[PDB]
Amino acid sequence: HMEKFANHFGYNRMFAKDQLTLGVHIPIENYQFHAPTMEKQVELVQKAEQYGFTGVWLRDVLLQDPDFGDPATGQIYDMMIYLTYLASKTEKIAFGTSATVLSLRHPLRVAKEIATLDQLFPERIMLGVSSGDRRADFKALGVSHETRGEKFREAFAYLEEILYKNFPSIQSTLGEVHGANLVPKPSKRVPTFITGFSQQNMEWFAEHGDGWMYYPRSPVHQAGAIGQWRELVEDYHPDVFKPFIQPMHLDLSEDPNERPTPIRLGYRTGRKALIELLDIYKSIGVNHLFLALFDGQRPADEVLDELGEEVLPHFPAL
């Protein structure tokens, strides 16, 4: 367990104790209140790669839901399909799901699809998993939202048997396997991160999964949780490192000197204070932080250039 990802390329480039690495959230577009055009995503993902970003993150959403307040509906395109597309256009940057909804996607399909992605793009796949909250998706798939916490635990256990075992015995409320086997298998373990609380208690995501991803919070607010969580990780698996990940909305000011101002799910700031912010996050124990540029006042292309030229050298790929 201490050596779990010892020779995992994507993992080691992204995560190390006391180090922070930077990622980007699809859509790389400042669409704000309107639907994204989805233009230039390939070029922008390639630039993010050149600049030394270590991860590109997608979301898992089926239906456009007027109740939900997400004009992007994830990124319009199906998560797995679009992840495949963008990964096929780049050489080394990691692609991560934020998050694969285990109560809405059958664990066997998750396993099959992740295993094939890891075969097509070895050691470049990060699996963020959650219990889900797109009410319209639940309703359309005929899955109960109320018992998603139970379904999540059941799905997670099934996902790990079927991904990593040769002809396992699986008796589950989700299905049965006695005599059949998953192919392909991923070449190495796939780093699997619990997203949010996923209706579990902290004990649970200390003991299961390979790390924790939580919502954008101020560093004062986040430090406590990271600390508690790591104490529990230390109880259950002494001397292992498990990384902490979080998203952040950024509205990067034209003026490098503009002061850091809290906005919805992140900060409006100039590059100087952003660097300061990220160093703070790094010190409280954040290991990878990925930037959502959706609400920025400047086009994402210029913001991405400024970040790559001025910010990434302070938080380089490992």
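Counting begins at 1, following the sequence as shown.
Higher average CA B factor: 265 to 273, of the stretches 265 to 273 and 289 to 297. Checked against the record, the higher mean CA B factor of 239 to 247 and 100 to 108 lies with 239 to 247. Ranking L63, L252, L58, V45 by Cα temperature factor from the entry places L252 first. Of the candidates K139, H221, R153, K92, it is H221 whose Cα B-factor is highest according to the PDB record.
Placement of the Cα temperature factor of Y82 within the chain: lowest third of the modelled residues, per the deposited record. When the CA B factors of the chain's modelled residues are split into thirds, the value for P216 lands in the highest one. Sort the chain's modelled residues by C-alpha temperature factor and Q228 lands in the highest third, per the entry. Ranked by C-alpha B-factor against the other modelled residues of its chain, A115 falls in the lowest third. In the deposited entry, the Cα temperature factor of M126 sits in the middle third of values across the chain's modelled residues.
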